[PDB]
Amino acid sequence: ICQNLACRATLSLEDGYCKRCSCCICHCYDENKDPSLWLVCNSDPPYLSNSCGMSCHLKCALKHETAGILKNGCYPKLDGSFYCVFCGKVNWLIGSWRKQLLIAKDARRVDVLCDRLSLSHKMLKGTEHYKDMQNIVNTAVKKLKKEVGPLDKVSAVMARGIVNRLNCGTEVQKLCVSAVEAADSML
């Protein structure tokens, strides 16, 4: 019996974690699950092959090389895609990348903006196929960094701030809109 209130799925002897609600990397579930912070192995276009349905935190996939996003000597790096860490199936990142930018451009809080933009920035780092898209994101990040420093290390004082009160806030959010449109136009 799963202890996650929003799941309560029956577990087995096999399980070191519940497959339905928990991340297959860190073996943790979220209290109020936000699907935009998760990746799921599925058979959606453009990758129709058989999938396992296993899920992980987007952040966990970015942090560990086995997912084929973080460049490593061991794993052939993918461009705009990830390896499901369970079954190995290649899945697309672009849907997730889009979602991060849509939340960023509408964000009122600085920490949301920094966090979401940083994820998009990492997801497509070193891309060849999506260069034009990501160059817009790179421009937005460089602008934001000049005001808050490294996006992942933003101070608590800046974090509680309002995006509109930043000197570059509206400019950065305009760039987020631009990046999403660029993705939509190419695809």
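Quick note: we count residues from 1 along the sequence shown, nothing fancier.
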Review point. Of 66 to 74 and 133 to 141, which one has the bigger average CA B-factor?
Key: 66 to 74
Exercise for review: For the higher mean C-alpha B factor in the entry, choose 1 to 9 or 176 to 184.
Suggested key: 1 to 9
**Study point:** Of the residues 36, 32, 118, 55, the one carrying the largest Cα B-factor as recorded
**Key:** 32
Review point. For the listed 61, 124, 40, 157, which has the peak Cα B-factor recorded in the PDB entry?
Key: 157
**Study point:** Third of the chain's Cα B-factor distribution that residue 23 belongs to, per the entry
**Key:** lowest
**Study point:** residue 105 by Cα B-factor - lowest, middle or highest third of the modelled chain
**Key:** middle
